[PDB]
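See below for the structure under consideration.
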Protein chains: 4
Amino acid sequence: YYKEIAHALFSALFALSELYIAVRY
Amino acid sequence: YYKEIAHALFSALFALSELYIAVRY
Amino acid sequence: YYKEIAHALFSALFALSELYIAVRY
Amino acid sequence: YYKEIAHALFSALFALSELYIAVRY
């Protein structure tokens, strides 16, 4: 049950970060 | 700036949804 | 069993495409 | 060109792994 959560979170973070930067820079 | 933020918007949407789903299902 | 496959595939495709372009353009 | 292709490389790697995992597990 976790591993998946962990992963999904990772991916989610990469994506959010990517967005943020895509705005800023 | 724009095409980018669309791509990243999508990315974060799919990823966050995957996370949500993986946490509750 | 499928839905997940489907999703993962989608994401995979977005990523591959993103790569390809990141090379080409 | 480069930082980008690193980001996209990562993205495709994590995503493809998620797909693989979801198909066999």
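Only the coordinates and a few stated rules stand behind these numbers; no lab work does. FYI the Cβ positions are ideal-geometry reconstructions off the backbone, even for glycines, and counts take in every protein chain you see.
Most exposed first by the Cβ proxy, i.e. fewest other Cβ within 10 Å, how do C:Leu9, B:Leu13 rank? Intermediate results must be reported in sequence, preceding the final value.
Values: C:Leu9 16, B:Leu13 12.
By the 10 Å Cβ count, ascending, the order reads B:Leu13, C:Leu9.
Counting only other chains, and only Cβ atoms inside 10 Å, what mean value do you get across the residues of D:3-12? Let's see the in-between values first.
On the way: counts 1, 6, 5, 1, 7, 9, 4, 3, 13, 11.
For this peptide, the per-residue mean of nearby foreign Cβ atoms is 6.
In terms of the Cα gyration tensor, with a ≥ b ≥ c the square roots of its eigenvalues, is the protein assembly as shown rounded because a/c is under 1.5, prolate because a/b exceeds b/c, or oblate?
On the way: a/c = 2.15, a/b = 1.53, b/c = 1.41.
It is prolate, given that a/c is not under 1.5 and a/b is the larger ratio.
Between beta-carbons, use under 12 Å as the cut-off and find the net charge around B:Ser11, counting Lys and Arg +1, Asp and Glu -1. Write out the running numbers ahead of the final one.
On the way: positive: none; negative: A:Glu18, B:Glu4, B:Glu18, C:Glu18.
Counting the neighbours of B:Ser11, the net charge comes to -4.
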